[PDB]
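Trainee: So that we are looking at the same thing, I have put the structure below in structure tokens.
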2 protein chains.
Amino acid sequence: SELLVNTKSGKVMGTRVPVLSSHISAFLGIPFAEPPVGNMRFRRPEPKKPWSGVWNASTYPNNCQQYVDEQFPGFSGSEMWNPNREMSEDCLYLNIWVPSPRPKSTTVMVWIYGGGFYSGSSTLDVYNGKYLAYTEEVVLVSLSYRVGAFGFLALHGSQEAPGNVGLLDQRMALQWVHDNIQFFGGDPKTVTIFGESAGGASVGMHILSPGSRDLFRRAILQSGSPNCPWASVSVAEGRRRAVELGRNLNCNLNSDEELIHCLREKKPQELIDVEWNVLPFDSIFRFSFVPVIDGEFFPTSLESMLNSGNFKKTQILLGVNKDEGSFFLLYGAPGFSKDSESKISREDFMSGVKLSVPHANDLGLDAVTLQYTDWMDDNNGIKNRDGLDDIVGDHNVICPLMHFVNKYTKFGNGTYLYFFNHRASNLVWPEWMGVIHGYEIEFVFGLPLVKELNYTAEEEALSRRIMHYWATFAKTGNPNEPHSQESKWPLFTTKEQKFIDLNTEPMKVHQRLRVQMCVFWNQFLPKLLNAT
Amino acid sequence: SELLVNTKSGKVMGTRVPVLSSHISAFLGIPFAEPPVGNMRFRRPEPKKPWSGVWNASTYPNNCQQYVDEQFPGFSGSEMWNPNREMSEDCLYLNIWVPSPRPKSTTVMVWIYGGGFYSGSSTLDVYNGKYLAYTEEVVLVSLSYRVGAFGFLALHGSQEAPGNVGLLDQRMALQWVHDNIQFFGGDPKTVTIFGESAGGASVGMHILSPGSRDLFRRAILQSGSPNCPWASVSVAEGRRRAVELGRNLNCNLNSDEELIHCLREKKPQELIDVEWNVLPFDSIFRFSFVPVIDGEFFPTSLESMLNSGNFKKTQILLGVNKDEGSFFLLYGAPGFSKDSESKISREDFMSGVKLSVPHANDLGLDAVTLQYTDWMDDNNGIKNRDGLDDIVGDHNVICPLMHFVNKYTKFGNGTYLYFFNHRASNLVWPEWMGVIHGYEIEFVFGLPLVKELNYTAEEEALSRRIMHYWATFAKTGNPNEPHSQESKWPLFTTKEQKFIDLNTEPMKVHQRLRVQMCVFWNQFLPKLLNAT
Ligand SMILES: *[C@@H]1O[C@H](CO)[C@@H](O[C@@H]2O[C@H](CO)[C@@H](O[C@@H]3O[C@H](CO)[C@@H](O)[C@H](O[C@H]4O[C@H](CO)[C@@H](O)[C@H](O)[C@@H]4O)[C@@H]3O)[C@H](O)[C@H]2NC(C)=O)[C@H](O)[C@H]1NC(C)=O
Ligand SMILES: *[C@@H]1O[C@H](CO)[C@@H](O[C@@H]2O[C@H](CO)[C@@H](O[C@@H]3O[C@H](CO)[C@@H](O)[C@H](O[C@H]4O[C@H](CO)[C@@H](O)[C@H](O)[C@@H]4O)[C@@H]3O)[C@H](O)[C@H]2NC(C)=O)[C@H](O)[C@H]1NC(C)=O
Ligand SMILES: N[C@@H](Cc1c[nH]c2ccccc12)C(=O)NCCCCCCNc1c2c(nc3cc(Cl)ccc13)CCCC2
Ligand SMILES: N[C@@H](Cc1c[nH]c2ccccc12)C(=O)NCCCCCCNc1c2c(nc3cc(Cl)ccc13)CCCC2
Ligand SMILES: *[C@@H]1O[C@H](CO[C@@H]2O[C@@H](C)[C@@H](O)[C@@H](O)[C@@H]2O)[C@@H](O)[C@H](O)[C@H]1NC(C)=O
């Protein structure tokens, strides 16, 4: 049968799924590691002990234990991101969508979910790999990994909670793909990893980590980069938070051995309930448990690694959305709300700024405010709203991504850069939020092809055009077809720094993506804070 | 006779001078103080001992001892600013242009020359008071004052060189006008002081100094303000330079009494020859001997005086030219020259910046460079040239003037603000220099009325229009005629900060003159340098 597959872990049985007047195969919830339960909460993952018999992979696995957004109960725009299955600590599985008939040795795409390292699910509707699998004849995998404290509690020195274990979950799934994807028609030497937000940063982290580089061929990074200020902490900061988490559960803090035991005794919701109370600053776009710079997974600081060329040299394709900041301002900044235009008083602007740049002193906060205020018109509430949207997006996503790109491009084998600025016609979030963190994903996964979802024709076109760039790039390391008669996404070079915007208009090429602001965030502001 | 006049100092005899198909009276070189020669070099001025007999005031007096520009020997554009009479330490005189027939009690305008407190002459062609006297039926006075070390060597504590004595020369001339101008038809209670550059700052200084406030009624400040960073130093900095000047003439530096004696023994050119070698920084738009903040002439710091309202409350009219920086860049910055377009390499830009902001550390220099560089286009030599022109103008003239205006306007009785941006059609300096420091003066003094000088008709019109604003303002404290049917120069208010541009176009009103840059120079940058 097309749906029975023998792998080095055991036989698996998939399921035939419909997709756009046709059908394909899917293998859902295949285990790649031992459950990380009990005395193994916080531990490195162990490889899954192989099974005799037939693993029923006809239905999605559990999502990992995570915080669940109840800010807009019922609202599709927010629930679409929440777990759609029972949560459990038993959650390390992957899902595979394979063309029909099964190919022999086609391109593989492995999706790594975002969600700030504290949430995410491999099983969400907007991550359904079938439209991509089917339209580009690729094998589309999506893995899962432990988020929150479960994935990222770091007590450096201990082996019981060494930190980074969620990145190790991802790595193990990548090992498994390397070792088994051929049984499904996949070419293990044309594996592309791709990801959004923390997934984007994850991908970049796998490019940096020596122990992950050999497991894949190329990378796509969407709206995330491993050097993002939210994406990692020092081992000391990790420790501080591990401990501080202890204190909120009246735990014994006298040794690592003592704390971890105490933390392992707790129910999962008891950890989720107090996870946000360990952040050292009142802040947005900061997350409690995240990768740590340990000297194991990351042998030195990211910045030193990037200067010296210590990373996988290959092709990458990456970029950003127009209004990355809006989602976090909505959820965490005073003045902003879903059902108004959220025009913003001076006073709430300055509140915004302090929240957006938490590590900054008063001189720093002034420098940021000077950069982003039109002083001819300092009480326009649209301008203050839009200016804060830009501050958050620039500081957290765009400028760090641009810094990664420029450093990568000195040593790599080709870089392709996009700026996604299309607001979907059927978006249910308000207009002021613009082109939002995460809303390119649905184009990448082909959802505008499903008539019932109410995209325009131009939007179906753009999705097809993007699915092709992604798949073609994953196949050849270039998103352009060889001699096509459409216009060419130029390569990004150190000298000229070209990129394209992705939307329904005729493709347009520009150069030096947000360079004015990024010189501020990447050169000036850091200098300013070092001196003071 | 119309040309014989009895004053409290003696009888004076003027001279009938032609002006535009008519004639008027002029009294040139009337002494207002004892020569400041010998044991009186560096001293407070003493009032001129009255004379019996008739003082021949038919010809211009000597100009004061000053440095003489030989950068462009023969070139009209530069020689027009140099002394046109024998220089001497005997130089404290004034000049008076009176309508024919002599009026009884008309408005008086007293001009104070600029030239960085180190040069200037009351007798230059471009300061000929006759066109104004005649066209607006005002009595136009122009005084003179000691520049350089002669005017400004400050050894606080000594009475032999107390500093500020050149400002005291101006004050004495103003005393004399107060006491005698009525004999010439002048109304001593409608005296307007007006000045450019250091003269502008002088005027503002007379508004601040309690001992000068009662001697005049209103003020016009052109491209200068008493808070300009070049316009004054502390008594310690004054001392340091007084001394350092000693050292360059192998003077005995053991006491004030010893140094001054030694400095009084020297010929004037011996002081001029080494005057520039005492500046503490390599710099432009900085001048060696300038007013000092002494607690006598200025009872406290300018900034504290301005916050507390300690100054003359009256009407003022003031403003700036478009390209104030260009003249100093030409004369003192590498890359810039008279006969090319002076496009400017990155490397010469950064040299520019260091020169323009001499008191600044490296973090400061970065902050300035960030503010003024288009990072999309960081090798456009026109943009780097123009950006440096703006840095110098903004930091030295515009932003300090704007800070003065906003502080004055909280406590004063009306403020009128202009932005002069007309490039004269017959300018002999190159185009890149733009609208240059000092080149509104010729409009204010009516030179575009003389056919032989080659102004267009539109330029004659603008000059008439400006002469009228100045004279009407000096007469009533408002530059507008009561019910005229031309458009009104609005008042500058704290709330709305309106100003007009002065040129050949239809008058246009705007608001918040260079406010983006001036928040940088007046708030951010000073904070930045205090913290570091
Ligand atoms: C991604 O990586 C691959 C390689 O890992 C890379 O392809 C390489 O491109 C260069 C282009 O310079 C090729 O180098 C040349 O190859 C020719 C033909 O064999 C040689 O004759 C060349 O030497 C002559 O010409 C040079 C002028 O170009 C002279 O400088 C020289 O003195 C000789 O006269 C030269 O070695 C190279 O062959 C390929 N390699 C492969 C495997 O194709 C590709 O460019 C990379 N892409 C990016 C975007 O970084
Ligand atoms: C694609 O576009 C179409 C057309 O624009 C769109 O169809 C709309 O879908 C919603 C489904 O949510 C329909 O709204 C419901 O209509 C019924 C009958 O009149 C009401 O009872 C419903 O109200 C209940 O639920 C509300 C919460 O939403 C409660 O507030 C309320 O108290 C009730 O319990 C509800 O309004 C809507 O009528 C259609 N419109 C049309 C013209 O068909 C479709 O959803 C789009 N598809 C996608 C996937 O977005
Ligand atoms: N946690 C609170 C504040 C808080 C602080 N302490 C707490 C204690 C208990 C409960 C809450 C708190 C807070 O500010 N949460 C913001 C994060 C909510 C998670 C939703 C993540 N889902 C999204 C995600 C993405 N985009 C989104 C866009 C919008 Cl418009 C909305 C949601 C998106 C893209 C990546 C995947 C997740
Ligand atoms: N003194 C040298 C450098 C120097 C340093 N050390 C020295 C030693 C000896 C000789 C020279 C030096 C220097 O940079 N000088 C610049 C000042 C020259 C004075 C001319 C002042 N005249 C002007 C003045 C004004 N505008 C001008 C516009 C232009 Cl384009 C040209 C001249 C203008 C307006 C106010 C009146 C004076
Ligand atoms: C495999 O399982 C399919 C769906 O599983 C569903 O959930 C599990 C936990 C059970 O409760 C099961 O009864 C549910 O159906 C079944 O539809 C399918 O029949 C099973 N197939 C095979 C080959 O065993």
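Letters A, B, ... go to the chains of the structure tokens in the order shown; residues in each chain start at 1; ligands are counted from 1 in the same order.
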Which residues, written as JSON, numbers by chain, have at least one atom at most 10 Å from residue B:233, with only C-alpha atoms counted and residues fewer than 3 positions away on the same chain left out?
Mentor: {"B": [154, 229, 230, 236, 237, 238, 239, 288, 289, 290, 291, 292, 293, 294]}
Trainee: Could you write out as a ChimeraX atom specification the residues of chain B within 10 Å of chain A, counting only C-alpha atoms?
Mentor: /B:363-364,366-367,370-371,373-377,511-520,523-525,527-528,531-532
Trainee: Compile the contact shell of stretch 264-278 of chain A as a ChimeraX atom specification: residues with an atom at most 10 Å away, counting only C-alpha atoms, same-chain residues fewer than 2 positions apart removed.
Mentor: /A:37-42,65-68,87-89,118,148-150,240-249,259-262,280-282,286-289
Trainee: Can you write just those residues out, N, CA, C and O atoms, as a short mmCIF file (atom, residue, chain, number, x, y, z; two decimals), in the first residue's frame?
Mentor:
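Saved file out_1.cif follows:
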data_model
loop_
_atom_site.label_atom_id
_atom_site.label_comp_id
_atom_site.auth_asym_id
_atom_site.auth_seq_id
_atom_site.Cartn_x
_atom_site.Cartn_y
_atom_site.Cartn_z
N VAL A 37 8.43 12.84 29.85
CA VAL A 37 7.64 12.89 31.07
C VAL A 37 8.43 12.47 32.31
O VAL A 37 9.51 11.92 32.21
N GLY A 38 7.89 12.79 33.48
CA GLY A 38 8.44 12.38 34.76
C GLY A 38 9.82 12.90 35.08
O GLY A 38 10.08 14.08 34.91
N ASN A 39 10.70 12.01 35.55
CA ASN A 39 12.13 12.28 35.74
C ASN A 39 12.84 12.78 34.45
O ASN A 39 14.04 13.10 34.49
N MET A 40 12.13 12.83 33.34
CA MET A 40 12.70 13.33 32.09
C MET A 40 12.20 14.70 31.63
O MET A 40 12.72 15.24 30.64
N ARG A 41 11.23 15.27 32.34
CA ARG A 41 10.91 16.69 32.22
C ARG A 41 12.19 17.47 32.38
O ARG A 41 12.98 17.16 33.26
N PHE A 42 12.39 18.45 31.50
CA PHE A 42 13.63 19.22 31.41
C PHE A 42 14.85 18.56 30.81
O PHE A 42 15.84 19.24 30.58
N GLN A 65 2.43 21.23 26.08
CA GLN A 65 1.88 22.08 27.12
C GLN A 65 2.30 23.52 26.95
O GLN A 65 3.50 23.82 27.00
N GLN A 66 1.32 24.40 26.81
CA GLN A 66 1.60 25.82 26.62
C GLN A 66 0.52 26.79 27.18
O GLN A 66 -0.63 26.41 27.48
N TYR A 67 0.93 28.05 27.31
CA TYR A 67 0.03 29.10 27.65
C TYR A 67 -0.98 29.26 26.50
O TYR A 67 -0.63 29.11 25.33
N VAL A 68 -2.24 29.50 26.88
CA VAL A 68 -3.34 29.59 25.92
C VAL A 68 -4.05 30.97 26.00
O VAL A 68 -4.49 31.39 27.08
N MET A 87 -3.50 19.11 25.08
CA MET A 87 -2.14 19.40 25.34
C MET A 87 -1.64 18.26 26.18
O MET A 87 -2.43 17.69 26.95
N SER A 88 -0.35 17.97 26.05
CA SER A 88 0.30 17.00 26.91
C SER A 88 1.79 17.18 26.92
O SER A 88 2.37 17.72 25.98
N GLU A 89 2.44 16.70 27.99
CA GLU A 89 3.88 16.61 27.97
C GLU A 89 4.36 15.58 26.94
O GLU A 89 5.48 15.65 26.47
N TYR A 118 7.34 29.88 23.66
CA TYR A 118 6.43 29.63 24.81
C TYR A 118 5.10 29.04 24.38
O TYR A 118 4.32 28.59 25.19
N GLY A 148 8.17 26.76 26.38
CA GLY A 148 8.05 27.22 27.73
C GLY A 148 9.21 26.74 28.56
O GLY A 148 10.27 26.43 28.04
N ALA A 149 9.00 26.71 29.86
CA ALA A 149 9.92 26.12 30.80
C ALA A 149 10.31 24.66 30.45
O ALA A 149 11.45 24.28 30.68
N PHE A 150 9.34 23.89 29.95
CA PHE A 150 9.52 22.49 29.56
C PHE A 150 10.67 22.34 28.55
O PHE A 150 11.52 21.44 28.68
N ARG A 240 18.95 32.77 36.82
CA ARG A 240 18.13 33.71 37.59
C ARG A 240 16.65 33.42 37.45
O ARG A 240 15.90 33.43 38.44
N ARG A 241 16.22 33.10 36.24
CA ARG A 241 14.82 32.85 35.97
C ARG A 241 14.41 31.47 36.39
O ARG A 241 13.25 31.27 36.78
N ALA A 242 15.30 30.51 36.22
CA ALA A 242 14.99 29.15 36.67
C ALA A 242 14.63 29.24 38.14
O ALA A 242 13.51 28.93 38.55
N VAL A 243 15.59 29.72 38.92
CA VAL A 243 15.37 30.00 40.31
C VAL A 243 14.09 30.80 40.59
O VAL A 243 13.21 30.30 41.28
N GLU A 244 14.01 32.02 40.08
CA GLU A 244 12.84 32.87 40.30
C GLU A 244 11.52 32.14 40.06
O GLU A 244 10.50 32.41 40.71
N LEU A 245 11.52 31.20 39.13
CA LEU A 245 10.36 30.35 38.91
C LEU A 245 10.10 29.47 40.09
O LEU A 245 8.94 29.23 40.42
N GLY A 246 11.17 28.93 40.66
CA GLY A 246 11.11 28.19 41.91
C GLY A 246 10.38 28.95 43.01
O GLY A 246 9.40 28.48 43.59
N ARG A 247 10.83 30.16 43.25
CA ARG A 247 10.31 30.99 44.31
C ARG A 247 8.78 31.16 44.21
O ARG A 247 8.10 31.12 45.23
N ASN A 248 8.22 31.27 43.00
CA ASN A 248 6.78 31.45 42.83
C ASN A 248 5.99 30.18 43.08
O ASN A 248 4.74 30.22 43.02
N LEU A 249 6.67 29.04 43.30
CA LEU A 249 5.99 27.75 43.66
C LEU A 249 6.49 27.18 45.02
O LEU A 249 6.44 25.97 45.29
N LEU A 259 15.88 22.03 43.31
CA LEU A 259 14.88 22.83 42.57
C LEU A 259 14.20 22.01 41.49
O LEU A 259 12.96 21.93 41.38
N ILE A 260 15.02 21.39 40.66
CA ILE A 260 14.52 20.57 39.56
C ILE A 260 13.60 19.50 40.09
O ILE A 260 12.51 19.34 39.54
N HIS A 261 14.00 18.80 41.16
CA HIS A 261 13.12 17.77 41.71
C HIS A 261 11.75 18.40 42.04
O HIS A 261 10.69 17.89 41.65
N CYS A 262 11.79 19.53 42.73
CA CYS A 262 10.59 20.25 43.11
C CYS A 262 9.77 20.66 41.85
O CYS A 262 8.53 20.48 41.78
N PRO A 280 12.52 40.04 33.98
CA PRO A 280 13.14 41.03 34.84
C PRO A 280 12.63 42.45 34.61
O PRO A 280 12.92 43.32 35.40
N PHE A 281 11.93 42.69 33.49
CA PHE A 281 11.46 44.02 33.12
C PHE A 281 9.99 43.95 32.71
O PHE A 281 9.44 42.89 32.37
N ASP A 282 9.36 45.10 32.76
CA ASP A 282 8.03 45.24 32.30
C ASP A 282 8.29 45.57 30.83
O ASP A 282 9.04 46.46 30.52
N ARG A 286 9.22 40.16 24.88
CA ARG A 286 10.15 39.42 25.67
C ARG A 286 9.42 38.22 26.30
O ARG A 286 8.21 38.25 26.54
N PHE A 287 10.18 37.12 26.46
CA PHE A 287 9.61 35.82 26.73
C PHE A 287 10.45 35.18 27.79
O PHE A 287 11.66 35.36 27.83
N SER A 288 9.82 34.45 28.68
CA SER A 288 10.53 34.04 29.88
C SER A 288 11.58 32.95 29.61
O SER A 288 12.70 33.12 30.02
N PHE A 289 11.21 31.87 28.93
CA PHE A 289 12.14 30.73 28.71
C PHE A 289 12.50 30.48 27.27
O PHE A 289 11.66 30.04 26.50
#
Trainee: Please provide as a PyMOL selection string all residues within 9 Å of residue B:90, with the sequence filter that same-chain residues fewer than 3 positions apart are discarded (counting only C-alpha atoms).
Mentor: chain B and resi 34-37+61-65+87+93
Trainee: Could you go through stretch 74-301 of chain A and tell me which residues DSSP, when run on the backbone, assigns to strand (DSSP E), listing them as an MDAnalysis selection string?
Mentor: chainID A and resid 87:88 93:98 106:112 139:142 186:196 218:222 233:234 292:293
Trainee: May I have the selected residues written with N, CA, C and O atoms, as a compact mmCIF listing (two decimals), in the first residue's frame?
Mentor:
# COMPACT_ATOMS: atom_id res chain seq x y z
N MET A 87 -3.50 19.11 25.08
CA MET A 87 -2.14 19.40 25.34
C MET A 87 -1.64 18.26 26.18
O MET A 87 -2.43 17.69 26.95
N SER A 88 -0.35 17.97 26.05
CA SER A 88 0.30 17.00 26.91
C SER A 88 1.79 17.18 26.92
O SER A 88 2.37 17.72 25.98
N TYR A 93 6.30 14.77 18.28
CA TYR A 93 5.89 14.03 17.08
C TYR A 93 6.13 14.91 15.89
O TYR A 93 6.38 16.11 16.05
N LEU A 94 6.08 14.31 14.69
CA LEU A 94 6.14 15.06 13.44
C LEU A 94 5.04 14.60 12.47
O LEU A 94 4.35 13.62 12.72
N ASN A 95 4.85 15.32 11.38
CA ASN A 95 3.76 15.05 10.48
C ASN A 95 4.31 15.18 9.11
O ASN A 95 5.07 16.13 8.85
N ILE A 96 3.91 14.27 8.22
CA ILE A 96 4.50 14.22 6.88
C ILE A 96 3.46 14.14 5.81
O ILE A 96 2.61 13.27 5.89
N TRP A 97 3.54 15.04 4.84
CA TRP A 97 2.58 15.10 3.77
C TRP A 97 3.35 14.72 2.53
O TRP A 97 4.29 15.42 2.19
N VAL A 98 2.91 13.66 1.85
CA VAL A 98 3.60 13.10 0.68
C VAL A 98 2.69 13.07 -0.53
O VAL A 98 1.57 12.61 -0.41
N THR A 106 12.39 13.32 -4.07
CA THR A 106 12.05 14.74 -4.23
C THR A 106 12.46 15.65 -3.01
O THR A 106 12.85 15.21 -1.92
N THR A 107 12.37 16.94 -3.25
CA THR A 107 12.72 17.94 -2.26
C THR A 107 11.88 17.87 -0.97
O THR A 107 10.69 17.57 -0.99
N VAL A 108 12.54 18.10 0.15
CA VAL A 108 11.89 18.03 1.45
C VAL A 108 11.90 19.41 2.09
O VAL A 108 12.91 20.11 2.01
N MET A 109 10.78 19.77 2.72
CA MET A 109 10.63 21.07 3.45
C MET A 109 10.21 20.75 4.86
O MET A 109 9.25 20.01 5.03
N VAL A 110 10.95 21.24 5.85
CA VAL A 110 10.61 20.95 7.21
C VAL A 110 10.29 22.24 7.88
O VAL A 110 11.12 23.14 7.91
N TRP A 111 9.07 22.33 8.40
CA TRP A 111 8.54 23.54 9.00
C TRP A 111 8.74 23.47 10.49
O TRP A 111 8.38 22.46 11.14
N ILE A 112 9.27 24.56 11.01
CA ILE A 112 9.39 24.77 12.45
C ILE A 112 8.52 25.96 12.95
O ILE A 112 8.75 27.16 12.59
N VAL A 139 7.78 16.86 -0.27
CA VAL A 139 7.47 16.18 0.94
C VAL A 139 7.63 17.24 2.03
O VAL A 139 8.71 17.82 2.20
N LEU A 140 6.54 17.48 2.75
CA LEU A 140 6.46 18.60 3.69
C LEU A 140 6.34 17.98 5.04
O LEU A 140 5.45 17.17 5.31
N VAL A 141 7.29 18.30 5.89
CA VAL A 141 7.29 17.75 7.21
C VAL A 141 7.00 18.92 8.14
O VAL A 141 7.44 20.07 7.86
N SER A 142 6.37 18.63 9.28
CA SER A 142 6.35 19.61 10.30
C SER A 142 6.59 18.95 11.59
O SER A 142 5.95 18.00 11.93
N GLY A 186 11.50 11.09 0.04
CA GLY A 186 12.17 12.34 0.27
C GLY A 186 13.63 12.19 0.06
O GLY A 186 14.19 11.19 0.43
N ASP A 187 14.24 13.23 -0.48
CA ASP A 187 15.66 13.28 -0.68
C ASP A 187 16.38 13.90 0.52
O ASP A 187 16.56 15.11 0.59
N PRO A 188 16.94 13.07 1.39
CA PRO A 188 17.61 13.60 2.57
C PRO A 188 18.79 14.52 2.33
O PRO A 188 19.43 14.93 3.29
N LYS A 189 19.11 14.83 1.11
CA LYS A 189 20.21 15.75 0.92
C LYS A 189 19.68 16.97 0.22
O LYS A 189 20.43 17.81 -0.26
N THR A 190 18.37 17.08 0.19
CA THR A 190 17.78 18.33 -0.24
C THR A 190 16.69 18.68 0.78
O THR A 190 15.52 18.81 0.44
N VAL A 191 17.09 18.68 2.04
CA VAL A 191 16.21 19.16 3.10
C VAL A 191 16.35 20.64 3.31
O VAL A 191 17.45 21.13 3.62
N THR A 192 15.25 21.37 3.13
CA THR A 192 15.19 22.78 3.51
C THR A 192 14.43 22.93 4.83
O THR A 192 13.27 22.46 4.93
N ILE A 193 15.05 23.55 5.84
CA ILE A 193 14.31 23.96 7.04
C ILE A 193 13.76 25.37 6.85
O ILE A 193 14.43 26.26 6.28
N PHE A 194 12.49 25.54 7.23
CA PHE A 194 11.84 26.87 7.19
C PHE A 194 10.96 27.18 8.40
O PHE A 194 10.40 26.28 9.01
N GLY A 195 10.87 28.44 8.77
CA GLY A 195 10.19 28.80 10.03
C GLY A 195 9.87 30.26 10.19
O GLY A 195 10.49 31.10 9.58
N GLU A 196 8.85 30.53 11.00
CA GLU A 196 8.39 31.89 11.27
C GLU A 196 8.62 32.25 12.71
O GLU A 196 8.49 31.43 13.63
N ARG A 218 19.44 23.67 3.03
CA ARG A 218 19.21 25.09 3.09
C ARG A 218 18.09 25.56 4.00
O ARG A 218 17.43 24.76 4.66
N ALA A 219 17.93 26.86 4.10
CA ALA A 219 17.11 27.46 5.15
C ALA A 219 16.29 28.64 4.63
O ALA A 219 16.75 29.43 3.78
N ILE A 220 15.05 28.69 5.09
CA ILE A 220 14.20 29.87 4.94
C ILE A 220 13.82 30.41 6.31
O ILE A 220 13.34 29.66 7.15
N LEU A 221 14.08 31.68 6.53
CA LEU A 221 13.80 32.37 7.82
C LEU A 221 12.77 33.48 7.60
O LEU A 221 13.03 34.43 6.84
N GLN A 222 11.61 33.35 8.22
CA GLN A 222 10.54 34.35 8.08
C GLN A 222 10.37 35.14 9.39
O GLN A 222 9.97 34.57 10.40
N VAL A 233 18.96 34.26 25.97
CA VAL A 233 19.62 34.88 27.15
C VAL A 233 20.94 34.25 27.59
O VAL A 233 21.25 33.15 27.21
N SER A 234 21.69 34.93 28.45
CA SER A 234 22.92 34.36 28.99
C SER A 234 22.60 33.24 29.96
O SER A 234 21.46 33.13 30.40
N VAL A 292 19.45 29.47 25.49
CA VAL A 292 20.54 30.04 26.24
C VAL A 292 21.86 29.85 25.53
O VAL A 292 22.05 28.90 24.81
N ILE A 293 22.75 30.79 25.70
CA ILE A 293 24.03 30.77 25.04
C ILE A 293 24.96 30.04 25.99
O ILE A 293 25.47 30.62 26.94
Trainee: Could you tell me, as a PyMOL selection string, which residues of stretch 183-377 of chain A DSSP assigns to alpha helix (DSSP H) when given the backbone?
Mentor: chain A and resi 198-208+210-213+235-247+256-265+268-273+302-307+326-332+346-356+362-372
Trainee: Return as a PyMOL selection string the residues of protein, DNA or RNA that approach ligand 1 to within 10 Å, with only C-alpha atoms and all ligand atoms taken into account.
Mentor: chain A and resi 313-315+409-415+477-478+491-493
Trainee: Give me the residues within 10 Å of residue B:372 as number ranges by chain, counting only C-alpha atoms and dropping any in the same chain fewer than 3 places off.
Mentor: B: 367-369, 375, 383-384, 386-388, 390-391, 517
Trainee: Within 7 Å of ligand 4, counting only C-alpha atoms and all ligand atoms, which protein or nucleic acid residues do you find, written as a ChimeraX atom specification?
Mentor: /B:69,77-78,81-82,114-115,120,196-197,273-274,276-277,327-328,331-332,429,436-438
Trainee: Please identify every polymer residue within 9 Å of ligand 5, using only C-alpha atoms and all ligand atoms, and present the set as a PyMOL selection string.
Mentor: chain A and resi 13-15+54-59
Trainee: Within 10 Å of ligand 2, counting only C-alpha atoms and all ligand atoms: which residues, as a VMD selection string?
Mentor: chain A and resid 74 to 76 426 to 428 450 to 455
Trainee: Counting only C-alpha atoms, what is within 9 Å of residue A:223, bar same-chain residues fewer than 6 positions away, as a PyMOL selection string?
Mentor: chain A and resi 195-201+318-321+324+397-398+401+437-438
Trainee: Would you pick out the contacts of residue B:126 at 8 Å or less, using only C-alpha atoms, so that residues sharing its chain but fewer than 3 positions from it are not included, and give the list as a PyMOL selection string?
Mentor: chain B and resi 80+441-442+445+447
Trainee: Include C-alpha atoms and write out the residues we just selected as a short mmCIF file (atom, residue, chain, number, x, y, z; two decimals), in the first residue's frame.
Mentor:
data_model
loop_
_atom_site.label_atom_id
_atom_site.label_comp_id
_atom_site.auth_asym_id
_atom_site.auth_seq_id
_atom_site.Cartn_x
_atom_site.Cartn_y
_atom_site.Cartn_z
CA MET B 80 33.46 94.00 0.88
CA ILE B 441 22.19 92.69 5.02
CA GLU B 442 22.31 94.23 1.59
CA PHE B 445 20.22 98.45 3.80
CA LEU B 447 21.44 98.33 -2.04
#
Trainee: Of the candidates B:480, B:170, B:181, B:449, which shows the shortest atom-to-atom distance to residue B:21, using only C-alpha atoms?
Mentor: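 Among the listed residues, the smallest separation from residue B:21 belongs to B:449.
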Trainee: Pick out the closest residue to ligand 3 from this set: A:466, A:330, A:165, A:344. Count only C-alpha atoms and all ligand atoms.
Mentor: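 When distances to ligand 3 are compared using only C-alpha atoms and all ligand atoms, the smallest one comes from A:330.
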Trainee: Would you please work out which residue, of A:158, A:227, A:530, A:6, is nearest to residue A:400 when using only C-alpha atoms?
Mentor: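 Among A:158, A:227, A:530, A:6, it is A:227 that comes nearest to residue A:400.
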